[PDB]
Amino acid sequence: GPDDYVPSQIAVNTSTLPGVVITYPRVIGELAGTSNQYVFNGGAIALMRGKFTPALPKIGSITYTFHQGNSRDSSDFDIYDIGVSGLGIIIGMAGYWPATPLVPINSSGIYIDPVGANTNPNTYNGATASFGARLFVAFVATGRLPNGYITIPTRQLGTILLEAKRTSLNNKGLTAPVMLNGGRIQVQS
């Protein structure tokens, strides 16, 4: 049916972090950016938008420019607690389409696409039959790290809430999970 959109997660992989070689806090590397055109898919064409809500505790803040995605200026990122001593992560998200800008995650909620919805509650994406996203995550050393292999747990970074112009689809409150797939990071001197 026209409102039968179903969610699918978007995730990044700890294994894509390059080898870390060592003031604080400081970004020690970026994970590979990921794209999912069908975070929500299945229903009929609609004007849609996605709001991200982070799920992890905030333990700090840092200014950073992602080397991936559309990011000329720096951004203020909240550092999120992943349960690993001495580490944190920062999150940027964007729309599926390549021209859309990286939206830094630094508040309890933000529209990742269209970014104009943050400054106009009437604004949605142009008519299409899916809502996608791009996910950017970087690791942050909150303190001096030991050398070796640090275990990173799989964690849910937050959810994307699907909103739409038409009331029936908006009323569903569909959500999709935003994931950090666990693994290991290598730290060297």
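Start at 1 and count along the sequence shown; that's the residue number.
Deposited sequence between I22 and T23: 4 to 9 residues lack coordinates.
Per the PDB record, of the two stretches 27 to 35 and 138 to 146, 138 to 146 carries the greater mean B-factor over its C-alpha atoms. Stretch comparison (151 to 159 versus 38 to 46) by mean CA B-factor in the PDB entry places 151 to 159 on top. Among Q68, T123, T53, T128, the highest C-alpha B-factor recorded in the PDB entry belongs to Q68. Among all modelled residues in this chain, the alpha-carbon of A94 has a temperature factor (C-alpha) in the lowest third. When the CA B factors of the chain's modelled residues are split into thirds, the value for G83 lands in the highest one.
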